[PDB]
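Novice: Please read through the structure below; I'll follow up with questions.
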Amino acid sequence: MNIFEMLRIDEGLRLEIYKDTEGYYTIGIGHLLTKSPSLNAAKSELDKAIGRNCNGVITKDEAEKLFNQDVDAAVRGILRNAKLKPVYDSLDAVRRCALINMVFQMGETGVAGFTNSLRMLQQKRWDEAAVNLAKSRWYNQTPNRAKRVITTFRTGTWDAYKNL
């Protein structure tokens, strides 16, 4: 299991514009297009992102290309962020994937806000961090995905995904 397979399980693959759990316009493997209510705004962002007139639909290849960019941007983002970098540096390989997953879903800014949880992971207080991470809007809104990530931080293994 690796970061790509993990995120592909959590996000799904859709080749037509869709609305994510929060109601925003998304395409492919969790590639957020716009928070705007307009399907037109969305379709415009889409063509800008692909470099073609897509009219709301893309190919498997295009979806994966966007996915490759997003994962790369997530990693570079963590590495450039004063709050996340040190946490990332401190973790083992599996737990690193867990933090990457959070940043792909909620952005650098959002994860950087989990101050107390970041501190606990850095200290390697596994169980305590899992309990703190569960006290969030994140967990309440997308509980099955949050549980999978949380279990990953808790155990340092891919058990939560070995099912899936």
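Quick check of the header: X-ray crystallography, 1.8 Å.
Cβ coordinates are placed from backbone N, Cα and C, and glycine is handled just like the others.
Got these off Swiss-Prot a minute ago, pasting:
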- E11: active site, proton donor/acceptor (ACT_SITE)
- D20: active site, proton donor/acceptor (ACT_SITE)
- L32, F104, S117, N132: substrate binding site (BINDING)
Novice: Considering each pair of residues in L32, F104, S117, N132, all listed as binding substrate, report the largest CA to CA distance in Å, no decimals.
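Specialist: Largest pairwise Cα separation, rounded: 27 Å.
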Novice: Does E11 (active site, proton donor/acceptor) have same-chain partners at least 6 apart in sequence with Cβ under 8 Å from its own Cβ, and which are they?
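Specialist: The answer is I29, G30.
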Novice: What does DSSP say about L32 (substrate binding site): helix, strand or coil?
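Specialist: Strand, per DSSP.
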Novice: What binding-site residues among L32, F104, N132 are found with a C-alpha within 10 angstroms of that of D20 (active site, proton donor/acceptor)?
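Specialist: Hits: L32.
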Novice: Across all the protein chains here, work out how many other Cβ atoms are within 10 Å of the Cβ of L32 (substrate binding site).
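Specialist: Cβ-Cβ neighbours of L32 (substrate binding site) within 10 Å number 17.
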Novice: Which Cβ among the binding-site residues (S117, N132) has the fewest C-beta neighbours inside 10 Å?
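Specialist: Counting other Cβ atoms within 10 Å of each of the binding-site residues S117, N132 gives the minimum at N132.
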Novice: With an 8 Å cut-off on Cβ-Cβ distance and a minimum sequence separation of at least 6, pull the same-chain contacts of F104 (substrate binding site), or say none.
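Specialist: Within the chain, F104 (substrate binding site) has Cβ neighbours under 8 Å at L7, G30, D70, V71, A74.
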